[PDB]
Amino acid sequence: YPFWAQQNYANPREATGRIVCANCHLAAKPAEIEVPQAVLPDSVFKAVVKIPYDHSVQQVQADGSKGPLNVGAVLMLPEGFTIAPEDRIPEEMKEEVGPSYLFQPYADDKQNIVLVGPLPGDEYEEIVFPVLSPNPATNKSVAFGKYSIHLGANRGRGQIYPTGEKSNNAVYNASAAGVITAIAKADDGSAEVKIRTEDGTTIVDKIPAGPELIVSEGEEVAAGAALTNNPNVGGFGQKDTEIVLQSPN
Ligand code: HEC
Ligand SMILES: [Zn+2]
Ligand SMILES: [Zn+2]
């Protein structure tokens with residue numbers, strides 16, 4: 001969740017440009033963002049974000065059962081830019097943009113970094129951010145010019161928790177090489193795979209409900225080999241765009 005990015009990373013964009021959601025949402029999927037080519041100072045414009053996925057495909061949920069996906073994103077605007085206050089949103093636009101409550105600043109001193117979600121993916125095919133450009137004439141920290149906007153967008157449950165533990169929406173691997181002597185399947189959906197190592201020892205790898213086993217009893221497996229499919233059907237992607245903070249006329 002966006003909140004887990006806030007708790008663990010003061011800066012959501014690493015030196016390489018990689019956005020921190022990627023540290024836990026391991027699969028890559030597209031991220032789209034559309035903004036006007038240029039905007040006048042102290043003006044409101046729309047930033048349209050899309051996070052594609054096949055709405056007919058369900059994902060493994062926290063309880064292991066199949067369900068819908070939720071989406072979320074971090075939109076990094078240039079210095080001075082912020083989500084537009086409601087009273088600054090023009091009339092014809094108010095019904096074209098997301099409601100104010102959808103948007104959360106990354107931090108008090110990073111209001112140009114906007115977070116949205118989790119939101120139900122089936123209801124938000126486009127997330128439209130109403131953005132207020134700054135005014136260089138009265139704000140010395142910002143100047144007219146061309147700037148970059150960075151988008152990080154996710155759909156679906158991540159693979160690793162803030163605790164460092166893997167979620168049930170990930171591949172589980174053989175903790176050691178050997179032969180599978182048994183597969184204890186709880187009607188809980190979870191499982192325990194007993195592996196007989198090449199010299200007597202037997203180890204047990206626990207797998208939560210959700211992932212599908214792709215090994216069978218009596219089967220040999222290498223260390224690190226996959227015991228399950230990769231049930232993940234979502235992903236996180238990034239996209240950059242530019243915008244010109246323009247001088248009137
Ligand atoms: C690891 C510490 C994470 C970071 C950093 C971020 N997210 Fe995450 N997110 C993570 C997990 C393990 C889960 C699943 C929780 C569960 O058990 O259900 C999530 C979930 C989301 C969701 C909901 C997806 C869905 O339910 O379909 C969204 C929309 C989401 N996360 C977005 C997101 C963004 C945009 C992040 C970076 C700004 C981000 N997450 C960071 C793990 C972690
Ligand atoms: Zn869609
Ligand atoms: Zn930048």
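Read the numbers this way: they start at 1 and go in the same order the structure lists the ligands and their atoms. Nothing fancy with the numbering, it's 1 onward along the sequence.
- Contact of the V221 side chain with the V179 side chain is not registered, since no non-hydrogen atoms from C-beta on lie closer than 4.5 Å.
- For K194, the NZ atom counts as loosely surrounded, since its 6.0 Å shell holds 12 or fewer non-hydrogen atoms of other residues, nucleotides or ligands.
- In this structure the side chain of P162 reaches within 4.5 angstrom of the side chain of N8, judged on heavy atoms.
- Side chain to side chain, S100 and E86 meet the donor-acceptor criterion of an N or O pair below 3.5 Å.
- When hydrogens are left out, the protein atom nearest atom 28 (C) of ligand 1 is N154 ND2, 3.7 Å; that is the closest non-hydrogen contact.
- Listed for the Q6 side chain is a donor-acceptor partner under 3.5 Å among the backbone atoms of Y106.
- In this structure, atom 18 (O) of ligand 1 lies nearest to the protein heavy atom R157 NE, 2.7 Å.
- When the options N232, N70, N169, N168 are evaluated for a side-chain hydrogen bond (donor to acceptor under 3.5 Å, both in side chains) with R157, the one that passes is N168.
- With a cut-off of 2.8 Å, atom 8 (Fe) of ligand 1 has an N, O or S atom of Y1 in range.
- The contact set between ligand 1 and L69, taken as ligand atoms under 4.0 Å from a residue heavy atom, comprises 27 (O).
- On a distance-only criterion, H25 and ligand 1 share at least one N/O pair closer than 3.5 Å.
- Among heteroatoms of the N, O or S kind in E125, OE2 lies nearest the Zn ion (ligand 2).
- Of the protein's non-hydrogen atoms, the one nearest atom 17 (O) of ligand 1 is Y161 OH, 2.7 Å.
- Here the side chain of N229 pairs a donor or acceptor atom with the backbone of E212 at under 3.5 angstrom.
- Ligand 1 lies nowhere less than 4.0 angstrom from a heavy atom belonging to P12.
- For the Zn ion (ligand 2), the set of nearby N, O or S atoms under 2.8 Å includes none belonging to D54.
- A salt bridge does not link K50 with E125: every distance from a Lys NZ or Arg NE/NH1/NH2 to an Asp or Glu carboxylate oxygen is 4.0 Å or more.
- Under the 3.5 Å distance criterion, the side-chain polar atoms of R88 are left unmatched by any main-chain donor or acceptor of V44.
- Of all protein heavy atoms, the one lying nearest to atom 26 (O) of ligand 1 is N70 ND2, 3.1 Å.
- Of the possible polar contacts, none joining the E14 side chain to the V20 backbone as a donor-acceptor pair under 3.5 Å is found.
- Against a heavy-atom cut-off of under 4.0 Å, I160 is close to the following atoms of ligand 1: 1 (C), 12 (C), 42 (C).
- The side-chain heavy atoms of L77 and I113, taken from C-beta on, include no pair separated by under 4.5 Å.
- For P2, the closest heavy-atom approach to ligand 1 falls below 4.0 Å.
- Scanning the protein for heavy atoms near atom 43 (C) of ligand 1, the closest one is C24 CB, 3.4 Å.
- Ligand 1 lies out of reach of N23, whose nearest heavy atom is not under 4.0 Å from it.
- In this structure, the protein non-hydrogen atom closest to atom 34 (C) of ligand 1 is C21 SG, 3.4 Å.
- The protein non-hydrogen atom at the shortest distance from atom 13 (C) of ligand 1 is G158 N, 3.2 Å.
- Ligand 1 has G156 within reach: a non-hydrogen atom of the residue lies less than 4.0 Å from it.
- Ligand-side atoms of ligand 1 in range of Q59: 25 (C), 26 (O), 27 (O), range being under 4.0 angstrom from any heavy atom.
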